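Each chain, letter by letter, is given below.
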Amino acid sequence: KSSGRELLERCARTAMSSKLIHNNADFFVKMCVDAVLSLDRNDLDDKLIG
Amino acid sequence: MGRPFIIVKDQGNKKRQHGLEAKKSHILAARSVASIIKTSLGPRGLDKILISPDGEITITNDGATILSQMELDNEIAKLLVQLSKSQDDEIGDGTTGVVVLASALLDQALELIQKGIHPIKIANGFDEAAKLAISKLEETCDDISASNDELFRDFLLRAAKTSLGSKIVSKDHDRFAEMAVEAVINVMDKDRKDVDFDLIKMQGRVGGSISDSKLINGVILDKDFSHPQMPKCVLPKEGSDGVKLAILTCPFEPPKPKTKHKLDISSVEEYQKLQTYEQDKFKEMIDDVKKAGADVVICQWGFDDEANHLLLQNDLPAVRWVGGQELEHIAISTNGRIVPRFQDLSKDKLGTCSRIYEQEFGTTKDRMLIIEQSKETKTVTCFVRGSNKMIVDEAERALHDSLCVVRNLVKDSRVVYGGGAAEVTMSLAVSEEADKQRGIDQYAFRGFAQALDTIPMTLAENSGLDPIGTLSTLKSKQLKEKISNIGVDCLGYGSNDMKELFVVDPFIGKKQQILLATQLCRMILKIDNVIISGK
């Protein structure tokens, strides 16, 4: 019974590894996590996040 | 398995670079680029000649233009070309110091790679050390926004005279600093101020001397008047000092539809009726201007031979073959609106100009339009002269970089003292935190602190001073005394204080120097396999 917002934050920081974001992941992870929440849970699109 | 071995197409032109010698080749290559512009840093810096394949030559010391329009091969130095372009676009100043600092981070990291430290572990310490340097300079950064507009005007002069000392414009810093500052003041809002660089225009002219360059508020057009015999100067009569300038995108031409049309005429009767038709159009076009009281009319397409003299008898000057972009910039300074059609012409859309005269240059044949405003207007225009075509173009980039420093103080009033004072202040902050934490990151912190010391040692080397005696003197006054105003003096004054020398640099400009250099070298250390295809 944990929070749904903190679930997507820990999973997003894993993909930030091996990239240039690993050091800057503090500010950058807080972006993409809020990007998927704007989209509808039923329909997720990769063209809108362009 | 036979003799032919093929996986990736074109294996002959594609070469693979790997190993410890790979890091040694790309780091030492980036140093040669900064070594060229190393002598170009500071007021003692020297220019560089750039030759284009078409034969046009350009002489500039700005690292943004030097790296631009230049043929390169290695991809590491091509990243430095985009590095100086990144510093030039947003900030507009400091393109030389970023490339030198970027190569200093690689030279200090080259010795750390051979010690057995992973390249990313070297770059991870640079990101943590860059945040401590910014937080230290921000604490000592003075805020000039607490003063009024009287003291703020002199604050912009300190920032302009510093950037103009490294160019050919450095001959007179006092006279040419007012042109950059006063041009910005006109577009400032006095509250929540934005520079809006779009309103500022720069038009150069090749001839005369640079001392004849003066700031004129208005629009500069190189298009001559439609008829030669109209008077050169235009002045208002009695009251209403405005000349009622009219800007019409539609010239004087026989009305025709844009689509393809065919007009069928029957014998003599309809042939004679259309004769009077067009003859009444010229009388209709001239009555609209006289009804609204307009004087000068400008348009995209040239007037007809019958329309040229029609405006002369009514004492109505006109200019033809004006570009579409030039039409929009005129209506802003005149507080007017461009008239789309002859039926929409009204006195509310007419412009206002204090004086307009017809400029002539020497023995060459040209006519330059000069619009002047007796009161503060919305736009400004830079007028630059020079004894050489390249000096004019160099004075353009010199004045452009000066306008980029002034606009940085408009958004952020926080400024720092440059000239070796800011680099040493941020360098000693990292060295103090390296001995406290110790660990395996103490070598990455010392390499970042010694890399920041390359900038003040470069300013002292080009000025003839001893880098050993200069660097040791700065660290003594910075550690003992909390005043960070002590910095490198390239001109050789008896005092090393940067505050008494009126040297002020924007904080957003010096902050991006470490940010752009640290983020670039982190990717360079992450490059192992290098595949270069021959062209």
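About the criteria used
Residues numbered from 1 in each chain as written, not as in the entry; some residues may be left out. Chains lettered and ligands numbered in written order. Part of a larger assembly, values for the part shown. Heavy atoms only, no water. UniProt positions renumbered as here; feature names shortened; annotations may be inferred. Helix = DSSP H or I, 4+ residues; strand = E, 2+ residues; numbered from the N terminus. Buried < 20%, exposed > 50% of the residue type's maximum accessible area, 1.4 Å probe, protein only. Areas by Shrake-Rupley, 256 points an atom, 1.4 Å probe, with all protein chains shown as cover. Axes fitted to C-alpha atoms, helices over the stretch in contact; angles between N-to-C directions. Parallel < 35°, antiparallel > 145°, perpendicular 65-115°, else oblique. Left-handed = near helix turned anticlockwise from the far one by under 90°. Contact = heavy atoms within 4.5 Å. Buried area = accessible area lost by both parts, 1.4 Å probe. Salt bridge = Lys/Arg side-chain N within 4 Å of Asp/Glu carboxyl O. Polar contact = N/O pair within 3.5 Å; in protein donor to acceptor, adjacent residues only side chain to side chain. Nonpolar A, V, L, I, M, F, W, Y, C, P; charged D, E, K, R; others polar. Pairing = 2+ DSSP bridges. Expected span 1.5 Å × (residues − 1). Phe/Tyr/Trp six-rings, centres within 6.5 Å; stacked < 30°, edge-to-face > 60°. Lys NZ or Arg CZ within 6 Å of the ring centre and 35° of its normal.

For this coordinate set, the PDB header names cryo-EM as the determination method and states a resolution of 3.6 Å.

Per the PDB entry, chain B carries the name T-complex protein 1 subunit epsilon and comes from Saccharomyces cerevisiae. The record held by UniProt for chain B lists under Function the comment "Molecular chaperone; assists the folding of proteins upon ATP hydrolysis. Known to play a role, in vitro, in the folding of actin and tubulin. In yeast may play a role in mitotic spindle formation." Listed under Subcellular location in UniProt, the entry text for chain B is "Cytoplasm".

The name given to chain A in the PDB entry is T-complex protein 1 subunit eta, with Saccharomyces cerevisiae as the source organism.

Student: Got a sec to walk through the overall build of chain A? Specific residues and values, please.
Tutor: Broken down by element type, chain A carries two helices and zero strands. Judged by the C-alpha coordinates and their principal axes, chain A covers about 35 × 30 × 15 Å. Buried positions account for 16% of the 50 residues belonging to chain A. When the accessible surface of chain A is totalled, it reaches about 4400 Å², and 56% of it is carbon and sulfur.

Student: Outline the packing of helix α4 (residues 95-113) of chain B against helix α16 (residues 507-525) of chain B, listing residues and values.
Tutor: All names here are of chain B. Remark: α4 packs on α16, axes separated minimally by 9 Å, with the N-to-C direction vectors making an angle of 40°. Judged on the interaxial angle alone, α16 and α4 are oblique. Read as a crossing pair, α4 and α16 show a hand that is right-handed. Across from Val98, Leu101, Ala102, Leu105, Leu106, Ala109 and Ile113 in α4, the residues of α16 making contact are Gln513, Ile514, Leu516, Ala517, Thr518, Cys521, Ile524 and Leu525.

Student: An account of the interface of chain A and chain B is needed here, citing residue identities and associated values.
Tutor: Each partner contributes residues to the interface: chain A has four residues there, and chain B has eight residues. Both sides together, the interface formed by chain A and chain B hides about 560 Å², and carbon and sulfur atoms give 39% of it. Among the residues chain A hides against chain B, the three largest losses belong to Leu20(A), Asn23(A) and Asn24(A). Together they make up 86% of the total. Where chain A meets chain B, there are zero salt bridges. Our enumeration of links across chain A and chain B arrives at four residue pairs in polar contact. Tallied by class, residues from the side of chain A that touches chain B come to one nonpolar, three polar and no charged.

Student: Which residues make up the sheet that holds strand β13 (residues 414-416) of chain B, and what values do they have?
Tutor: Residue and element names in this part refer to chain B. Reading across the sheet, the three strands line up as β4-β13-β14 and stay open at both edges, with antiparallel pairing between neighbours. Across the chains shown, the open sheet's two edge strands, defined by having one partner strand only, are β4 (142-143) and β14 (505-506). Pairing between β13 and β14: two bridges, direction antiparallel. Across the sheet, residue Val415 finds its bridge partner in β14, namely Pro506.

Student: Lay out the environment of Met390(B) with the relevant residues and their values.
Tutor: Residues and elements named next belong to chain B. Tracing the backbone through its elements, the reader meets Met390 in helix α11 (residues 389-411). With a relative accessible area of 18%, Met390 lands in the buried category. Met390 has contacts with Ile57, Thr58 and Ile59, leaving out every residue within four places of it along the chain.

Student: Help me get a handle on the pairing of strand β11 (residues 368-372) of chain B, residues and values and all.
Tutor: Residues and elements named next belong to chain B. Burial analysis of β11 places five of its five residues in the buried class, the great majority of the element. Burial of the side chains of β11 extends over both faces: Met368, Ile370 and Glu372 are buried on one face and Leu369 and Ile371 on the other. When strand β10 (residues 355-359) meets β11, the two strands line up antiparallel, connected through five bridges. When the sheet's bridge partners are listed, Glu358 is paired in β11 with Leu369.

Student: Can you break down α4(B) residue by residue, with the values?
Tutor: When the terminal C-alpha atoms of α4(B) are compared, their 27 Å separation across 19 residues agrees well with the 27 Å that a helix rising 1.5 Å per residue should span. Counting buried positions along α4(B) gives 16 out of 19 residues, so the element sits mostly inside the fold.

Student: Before we move on, could you go through the sheet that holds strand β7 (residues 246-247) of chain B and cite the residues and values that matter?
Tutor: Residue and element names in this part refer to chain B. The three strands lie next to each other as β7-β8-β9, forming an open sheet whose pairing is parallel. Across the chains shown, the open sheet's two edge strands, defined by having one partner strand only, are β7 and β9 (318-319). Of the strand pairs in this sheet, β7 and strand β8 (residues 297-298) are connected by two bridges, and their pairing is parallel. In the sheet register, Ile247 faces β8, and the bridge partner there is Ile298.

Student: Any chance you could break down the packing of aromatic side chains for me, citing the residues and the numbers?
Tutor: Describing an aromatic ring pair means giving the distance of the ring centres and the angle of the ring planes. Residue and element names in this part refer to chain B. One pass over the full model with this rule turns up five aromatic pairs over all chains. A centroid spacing of 5.0 Å and a plane angle of 55° characterise the contact between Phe252 and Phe303, whose relative ring orientation is tilted. Of this pair, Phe252 sits in the loop between β7 and α8 (267-292) while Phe303 sits in the loop between β8 and α9 (305-313), and the two are 51 residues apart along the sequence. Side by side, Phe252 and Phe303 carry an identical accessibility label, which is buried. Here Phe252 and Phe342 contribute two aromatic rings whose centre-to-centre distance is 5.6 Å and whose plane-to-plane angle is 70°, an arrangement assigned as edge-to-face. Note that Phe252 is positioned in the loop between β7 and α8 and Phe342 in the loop between α10 (324-333) and β10, a separation of 90 residues in sequence. For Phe342, a relative accessible area of 21% translates into the label partly exposed. Members of the aromatic cluster, joined through ring pairs, are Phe252, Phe303 and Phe342. Over the face of the ring belonging to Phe361 we find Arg205, whose NZ or CZ atom lies 4.5 Å from the ring centre.

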